[PDB]
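Asker: Pasting in a structure now, in structure tokens, and then I'll have a few things to ask.
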Amino acid sequence: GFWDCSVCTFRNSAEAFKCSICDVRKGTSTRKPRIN
Amino acid sequence: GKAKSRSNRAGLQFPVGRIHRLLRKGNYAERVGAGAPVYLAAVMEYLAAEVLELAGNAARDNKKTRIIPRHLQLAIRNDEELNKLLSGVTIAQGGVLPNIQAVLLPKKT
Amino acid sequence: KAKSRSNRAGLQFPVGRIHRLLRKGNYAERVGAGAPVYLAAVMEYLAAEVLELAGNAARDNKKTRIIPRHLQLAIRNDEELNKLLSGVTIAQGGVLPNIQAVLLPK
Amino acid sequence: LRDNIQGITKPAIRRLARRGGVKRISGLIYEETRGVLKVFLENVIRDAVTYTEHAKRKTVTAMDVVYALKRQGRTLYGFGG
Amino acid sequence: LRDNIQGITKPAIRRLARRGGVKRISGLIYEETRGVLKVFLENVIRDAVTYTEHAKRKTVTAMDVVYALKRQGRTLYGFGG
Amino acid sequence: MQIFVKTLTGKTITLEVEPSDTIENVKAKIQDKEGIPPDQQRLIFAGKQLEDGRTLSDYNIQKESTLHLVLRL
Amino acid sequence: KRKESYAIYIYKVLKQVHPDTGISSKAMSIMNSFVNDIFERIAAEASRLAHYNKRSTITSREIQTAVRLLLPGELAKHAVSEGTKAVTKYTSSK
Amino acid sequence: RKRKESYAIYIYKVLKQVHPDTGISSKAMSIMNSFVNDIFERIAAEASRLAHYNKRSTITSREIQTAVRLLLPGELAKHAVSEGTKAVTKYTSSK
Amino acid sequence: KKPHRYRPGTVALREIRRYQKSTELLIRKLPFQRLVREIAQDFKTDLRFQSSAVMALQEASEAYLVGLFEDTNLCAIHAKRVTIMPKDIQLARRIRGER
Amino acid sequence: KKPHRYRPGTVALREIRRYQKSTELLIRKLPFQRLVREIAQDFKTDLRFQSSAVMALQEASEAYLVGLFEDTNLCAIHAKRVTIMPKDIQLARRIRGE
DNA sequence: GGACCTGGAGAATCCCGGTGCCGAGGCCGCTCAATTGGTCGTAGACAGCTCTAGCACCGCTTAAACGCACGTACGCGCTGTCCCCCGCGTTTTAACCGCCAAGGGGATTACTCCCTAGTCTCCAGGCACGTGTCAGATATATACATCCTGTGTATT
DNA sequence: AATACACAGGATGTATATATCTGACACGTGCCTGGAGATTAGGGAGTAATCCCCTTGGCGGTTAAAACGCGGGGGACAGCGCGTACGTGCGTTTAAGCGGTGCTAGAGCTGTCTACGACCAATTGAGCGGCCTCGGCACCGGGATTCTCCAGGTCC
Ligand SMILES: [Zn+2]
Numbered sequence: 023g024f025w026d027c028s029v030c031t032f033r034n035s036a037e038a039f040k041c042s043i044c045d046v047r048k049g050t051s052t053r054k055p056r057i058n
Numbered sequence: 011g012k013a014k015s016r017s018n019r020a021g022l023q024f025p026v027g028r029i030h031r032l033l034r035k036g037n038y039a040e041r042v043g044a045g046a047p048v049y050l051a052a053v054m055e056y057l058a059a060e061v062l063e064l065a066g067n068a069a070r071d072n073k074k075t076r077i078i079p080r081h082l083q084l085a086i087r088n089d090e091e092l093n094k095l096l097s098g099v100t101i102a103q104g105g106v107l108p109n110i111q112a113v114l115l116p117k118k119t
Numbered sequence: 012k013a014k015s016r017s018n019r020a021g022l023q024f025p026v027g028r029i030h031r032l033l034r035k036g037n038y039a040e041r042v043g044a045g046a047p048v049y050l051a052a053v054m055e056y057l058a059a060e061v062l063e064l065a066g067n068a069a070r071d072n073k074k075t076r077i078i079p080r081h082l083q084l085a086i087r088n089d090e091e092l093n094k095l096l097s098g099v100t101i102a103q104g105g106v107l108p109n110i111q112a113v114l115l116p117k
Numbered sequence: 022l023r024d025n026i027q028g029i030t031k032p033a034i035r036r037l038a039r040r041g042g043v044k045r046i047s048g049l050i051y052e053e054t055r056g057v058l059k060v061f062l063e064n065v066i067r068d069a070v071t072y073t074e075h076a077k078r079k080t081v082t083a084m085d086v087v088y089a090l091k092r093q094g095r096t097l098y099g100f101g102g
Numbered sequence: 022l023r024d025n026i027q028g029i030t031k032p033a034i035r036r037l038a039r040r041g042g043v044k045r046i047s048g049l050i051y052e053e054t055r056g057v058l059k060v061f062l063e064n065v066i067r068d069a070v071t072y073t074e075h076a077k078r079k080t081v082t083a084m085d086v087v088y089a090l091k092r093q094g095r096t097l098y099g100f101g102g
Numbered sequence: 001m002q003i004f005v006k007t008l009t010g011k012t013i014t015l016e017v018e019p020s021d022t023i024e025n026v027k028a029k030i031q032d033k034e035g036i037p038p039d040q041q042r043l044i045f046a047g048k049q050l051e052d053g054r055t056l057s058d059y060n061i062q063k064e065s066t067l068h069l070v071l072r073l
Numbered sequence: 029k030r031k032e033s034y035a036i037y038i039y040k041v042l043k044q045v046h047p048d049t050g051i052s053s054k055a056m057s058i059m060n061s062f063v064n065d066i067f068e069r070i071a072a073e074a075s076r077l078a079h080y081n082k083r084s085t086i087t088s089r090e091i092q093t094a095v096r097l098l099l100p101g102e103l104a105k106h107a108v109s110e111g112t113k114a115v116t117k118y119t120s121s122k
Numbered sequence: 028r029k030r031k032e033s034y035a036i037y038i039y040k041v042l043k044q045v046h047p048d049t050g051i052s053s054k055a056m057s058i059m060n061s062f063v064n065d066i067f068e069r070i071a072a073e074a075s076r077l078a079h080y081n082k083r084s085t086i087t088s089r090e091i092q093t094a095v096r097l098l099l100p101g102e103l104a105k106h107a108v109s110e111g112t113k114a115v116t117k118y119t120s121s122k
Numbered sequence: 036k037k038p039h040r041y042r043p044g045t046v047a048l049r050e051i052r053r054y055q056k057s058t059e060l061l062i063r064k065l066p067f068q069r070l071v072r073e074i075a076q077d078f079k080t081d082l083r084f085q086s087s088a089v090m091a092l093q094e095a096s097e098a099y100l101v102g103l104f105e106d107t108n109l110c111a112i113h114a115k116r117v118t119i120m121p122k123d124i125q126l127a128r129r130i131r132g133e134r
Numbered sequence: 036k037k038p039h040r041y042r043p044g045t046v047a048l049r050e051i052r053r054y055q056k057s058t059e060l061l062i063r064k065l066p067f068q069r070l071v072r073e074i075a076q077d078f079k080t081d082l083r084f085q086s087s088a089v090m091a092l093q094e095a096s097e098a099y100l101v102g103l104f105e106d107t108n109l110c111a112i113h114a115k116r117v118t119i120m121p122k123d124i125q126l127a128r129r130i131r132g133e
């Protein structure tokens with residue numbers, strides 16, 4: 023599995039809890055991460 | 011037939027009947043409707059689920075299984091709306107976020 | 012052959028009206044006997060204090076009536092009243108005369 | 022109804038500054054004050070209009086404005102309630 | 022119980038300032054911090070003992086302190102309520 | 001070939017490239033326009049991090065492509 | 029459509045303290061709002077005290093403790109004295 | 028020995044439903060309990076005031092909805108309103 | 036010959052005393068009404084307003100702005116200046132808690 | 036020959052990081068408890084305190100002090116400085132509304 | 001010669017294993033609070049009507065907003081000095097952990113009875129209209145009060 | 001010979017007195033809804049009595065933290081020079097504001113009538129308190145890597 027990021031658009035590993043590129047924290051199922 | 015608790019009927023986990031009793035005996039109005047405890051239970055369940063999910067993801071990063079106050083503190087202060095809702099709350103044994111002003115830092119390229 | 016409770020308590024503020032407001036205001040299942048009397052007395056004292064100060068302010072200003080400016084002056088110049096009313100704004104009240112020392116030519 | 026924020030003219034902002042006790046004013050204060058006023062009004066009017074919507078009414082009254090201000094720590098005296 | 026306000030020692034105030042993010046501290050900060058802490062404690066303990074006396078008790082509980090802080094605008098999570 | 005670089009700042013930088021061109025030249029063009037060295041440049045497209053040793057055609061990049069730039073220091 | 033307010037009582041208190049002084053309509057509205065605010069604050073604090081203490085009755089002791097918790101310094105002392113005097117006068121007369 | 032109710036088991040059930048393999052400490056559970064209590068009391072007080080303003084004697088789902096729309100920030104309020112509407116609709120259409 | 040010319044500072048102090056002595060609305064009423072209608076237009080269409088509501092909005096807004104300018108002046112004086120700049124407003128609003 | 040000596044301003048940053056990552060109590064418990072008992076003496080004679088009461092008081096007081104120091108640091112940086120002085124504390128307490 | 005650059009030494013923090021204690025977690029028994037079923041009154045929805053007051057438009061004064069010119073005072077950058085605070089060391093000091101002992105007071109139970117909710121009857125206090133005088137706003141004319149520029153002349 | 005400084009005079013601005021005239025406040029009148037008085041009755045709260053949990057006072061030892069002293073460097077604060085960006089004032093330009101008239105949407109009330117919530121009694125399962133373990137997490141120890149800092153080489 024994986025989880026896409028709403029900021030960097032880069033797919034992140036399923037067992038990862040932040041983007042390894044844009045450092046944006048993993049978002050909740052309902053509310054997505056902000057611009058920054 | 012068999013009794014069916016209202017919480018199971020509404021598809022919730024929080025106690026609909028207990029919230030109904032608290033509304034009834036809490037000096038809020040003369041009467042309390044039927045759907046008011048259901049709506050209130052849904053709202054509280056959602057607001058607790060969001061915090062618990064973020065705190066779980068925060069705890070797994072720290073290579074820990076047990077949730078502590080620090081994870082809750084970090085999750086609340088890093089979120090914007092959650093911080094806005096809880097702006098006048100102090101969490102015991104939560105600490106503070108890491109933050110140092112740029113002018114105090116040493117010379118950087 | 013009926014005597015109002017306000018007259019018996021020695022008060023100018025109503026007592027039965029405040030008892031009704033407490034009873035219908037969703038504050039408890041019961042309302043005692045002396046609670047409206049105590050509440051009315053406290054409210055009357057506070058109003059009397061504010062009115063005395065404002066009336067003194069207006070008279071010294073060569074007026075007969077009381078305007079919101081006098082209320083604002085009396086409220087903001089008293090430390091206890093300012094603390095009690097730290098979150099309230101008065102319409103058409105103005106502000107106290109205050110200017111910083113370093114802004115004056117000397 | 023467009024760009025009506027510009028109706029708050031520079032002399033008015035200078036007048037409001039004078040009542041606060043200010044002597045010298047920079048040439049970039051006016052935009053900041055306009056932004057602050059716009060955000061404040063957005064908050065209060067949002068609260069007032071949702072109070073009006075719950076009452077099943079099509080008119081914003083003074084009581085709705087006072088109630089909106091009261092739930093923000095900005096109690097107002099002199100318009101009833 | 023004669024003079025224990027001095028028990029809040031200089032290293033403790035320095036540590037609290039460090040957690041606050043302060044790099045350099047002047048030598049006159051300690052008296053100011055002591056006074057501010059004394060005033061805050063006076064207010065909260067006055068409210069707590071008022072609640073304690075009303076309930077006809079002789080022991081100040083955790084709920085008294087939580088309620089005293091709640092009325093003052095600083096709610097506390099992690100002790101009940 | 002026209003490509004837009006949607007940097008996380010919010011700027012849509014536009015550059016001209018060639019379908020068989022290497023990623024290194026595309027990176028160098030940004031340094032020509034902005035000044036960000038290719039070492040510090042990170043390109044994101046369809047969840048794939050491009051490498052200077054490959055080419056645009058190797059990543060199935062078509063016309064009117066949109067790219068993202070991330071600074072990693 | 030009989031609306032009601034505290035106007036006549038405030039006027040009577042004013043004439044009690046200052047015999048030859050008037051009051052404008054907007055000052056009247058401000059004093060009305062002040063009275064309503066004081067009433068609601070003290071009532072809410074008394075209700076909270078009753079709920080905390082596991083009781084369902086608001087008495088004069090609840091109001092006294094609410095006034096102490098809400099008014100600062102000399103205001104609280106004078107209000108407590110006034111309330112005690114009013115209650116002890118109301119009780120002695122049947 | 029005397030009963031003292033709380034929200035512990037429901038918090039734990041929601042946690043297990045979201046994170047199957049994560050526990051909670053005692054202080055964290057107490058903090059979550061206080062959070063739920065605070066939210067309940069806030070919304071109930073707002074609904075009470077808003078019902079009293081319009082000279083009404085009962086508080087219903089509409090008052091709770093308006094209180095939620097008043098007390099929460101944007102996205103949180105929207106999602107909570109959606110959740111409440113769905114829960115009430117499911118509750119009604121079942122006997 | 037040369038017309039009388041006050042030095043920079045006297046007219047500002049004169050205006051400070053004047054507007055600290057009076058209690059009238061300082062923003063023209065009709066432009067503020069139009070701004071109020073503009074802002075509310077994005078929350079409900081064909082809304083209508085009572086005049087007293089507009090007056091209450093204006094009173095509260097002016098009180099808030101005067102308080103904010105007072106805090107800005109205090110912050111400017113702290114930084115050893117006489118003028119007010121946007122960073123002073125930002126510091127006051129950051130310390131207050133509005134951001 | 037010269038023993039190692041850090042330049043001024045480096046141990047301070049280390050302390051800042053160390054105390055910004057921990058969540059313990061920075062004041063000794065016994066002196067703070069004695070201070071609490073002294074302050075409460077002026078209101079009622081022969082009072083008694085639950086341990087949770089003293090702990091809650093200490094946690095709240097430390098949170099308040101940390102927030103005050105944060106605001107003080109902002110005020111000091113505003114005036115083009117690095118060192119905090121009582122003027123900054125007073126300005127912070129004036130703007131906050133205390 | 002001085003500034004840019006580097007190398008080596010040293011202290012601090014992080015990663016990796018290994019051991020041990022107690023707090024989270026699931027179970028068991030009970031008991032009381034949620035649930036089901038039925039009855040009864042009224043709060044609230046819905047329709048109909050009246051009439052205030054909110055909106056739109058026009059037309060004319062006229063104070064306020066606007067644009068431009070000129071100069072001065074204040075914001076900002078740079079430089080130099082000195083004393084205060086930081087970092088490290090050595091010697092005190094009292095916080096902290098551990099046990100033991102005593103009793104004040106929170107917590108609960110049972111009993112009695114006074115106080116408040118609810119009801120009906122009666123009537124007067126408090127509110128809505130209507131009316132009229134005078135406090136305050138507005139206009140006009142002197143008269144006192146700070147602000148500014150220029151100069152005599154005494155000091156240096 | 002120079003330069004500051006108090007003084008004198010012009011000049012705006014503000015404070016004071018006087019006439020008038022208009023609308024808002026203060027008072028009277030009538031009536032109708034809401035507070036007062038009497039009577040009933042059920043439960044809330046006071047109060048005595050008991051048990052035992054938790055708070056307070058005491059003593060000993062171990063050792064980390066607080067207290068005192070010293071040397072120096074980075075920062076706070078004063079002083080000076082420049083220049084540009086606001087403040088003041090004048091001559092046009094725009095649009096707010098006052099008064100008036102006309103339209104009708106929507107608040108505000110009144111009258112019906114039914115669905116919905118309160119209240120009570122019985123009964124069954126959800127939820128709480130006490131127990132008993134184990135596995136996560138804390139602590140110790142050791143080495144490995146990261147980050148400062150000054151002593152010399154060399155090039156500009
Ligand atoms: Zn990302």
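Chains K, G, C, F, B, M, D, H, E and A supply the protein sequences, listed in that same order. Per the deposited numbering, residue 23 is the first one in the first sequence, and the count goes up by one each step. Per the deposited numbering, residue 11 is the first one in the second sequence, and the count goes up by one each step. Per the deposited numbering, residue 12 is the first one in the third sequence, and the count goes up by one each step. Per the deposited numbering, residue 22 is the first one in the fourth sequence, and the count goes up by one each step. Per the deposited numbering, residue 22 is the first one in the fifth sequence, and the count goes up by one each step. Per the deposited numbering, residue 1 is the first one in the sixth sequence, and the count goes up by one each step. Per the deposited numbering, residue 29 is the first one in the seventh sequence, and the count goes up by one each step. Per the deposited numbering, residue 28 is the first one in the eighth sequence, and the count goes up by one each step. Per the deposited numbering, residue 36 is the first one in the ninth sequence, and the count goes up by one each step. Per the deposited numbering, residue 36 is the first one in the tenth sequence, and the count goes up by one each step. Think of the CB as a built atom: it goes at the ideal place given N, C-alpha and C, for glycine as much as any other residue.
Can you check which of these residues, C:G105, C:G98, C:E90 and C:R16, is closest to C:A46 by C-alpha distance?
Answerer: Per the Cα distances, C:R16.
Asker: So for H:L42, helix, strand or coil by DSSP?
Answerer: Reduced to three states, the DSSP call for H:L42 is helix.
Asker: Return the CA-CA distance between D:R69 and A:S57, expressed in angstroms with no decimal places.
Answerer: So the two alpha carbons sit approximately 41 Å from each other.
Asker: Just the Cα atoms here: how many angstroms apart are F:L37 and D:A71?
Answerer: If you take the alpha carbons of F:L37 and D:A71, they lie about 38 Å apart.
Asker: Taking the alpha-carbon of C:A44 as reference, which of D:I91, D:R96, D:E102 and D:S109 has the nearest alpha-carbon?
Answerer: Ranking D:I91, D:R96, D:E102 and D:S109 by Cα distance to C:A44 puts D:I91 first.
Asker: Round the Cβ separation of M:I23 and M:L50 to the nearest angstrom and send it over; I've been treating them as touching at under 8 Å.
Answerer: About 5 Å separates the two Cβ atoms, so the contact holds.
Asker: Within the structure, which residues are defined as neighbours of ligand 1 by a Cβ-heavy atom distance below 7 Å, reported in chain order?
Answerer: Qualifying residues, in the order they occur: K:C27, K:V29, K:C30, K:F32, K:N34, K:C41, K:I43, K:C44 and K:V46.
Asker: Would F:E63 and E:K79 qualify as a contact pair, given that the criterion is a beta-carbon distance under 9 Å?
Answerer: Not in contact: F:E63 and E:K79 (Cβ atoms no closer than 9 Å).
Asker: So what does DSSP say about G:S15, is it helix, strand or coil?
Answerer: Note: G:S15 maps to coil in three-state DSSP.
Asker: In terms of alpha-carbon separation, which member of D:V45, D:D48, D:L98 and D:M56 lies closest to D:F67?
Answerer: Of D:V45, D:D48, D:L98 and D:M56, the residue nearest in Cα terms is D:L98.
Asker: My understanding is that F:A33 touches E:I62, with C-beta atoms under 8 Å, so please give their C-beta distance in whole angstroms.
Answerer: The Cβ separation is near 5 Å, so the contact holds.
Asker: Who does M:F45 pair with in a DSSP beta bridge?
Answerer: Looking at the DSSP assignment, M:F45 forms a beta bridge with M:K48.
Asker: Closest Cβ-Cβ distance between A:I130 and chain B: below 9 Å?
Answerer: No, A:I130 does not count as interfacial toward chain B.
Asker: Measuring CB to CB, does H:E110 end up less than 9 Å from H:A94?
Answerer: In this structure, H:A94 does not lie closer than 9 Å to H:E110 by Cβ.
Asker: Closer than 7 Å by beta-carbon distance: list the chain A residues that pair up with B:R67, in chain order.
Answerer: Residues of chain A passing the Cβ test: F78.
Asker: In the DSSP output, which residue or residues are listed as bridge partners for F:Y98?
Answerer: C:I101.
Asker: Taking all protein chains shown into account, do 16 or more other C-beta atoms lie within 10 angstroms of the C-beta of F:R40, making it buried, or fewer, making it exposed?
Answerer: With 16 or more other Cβ atoms within 10 Å, it is buried.
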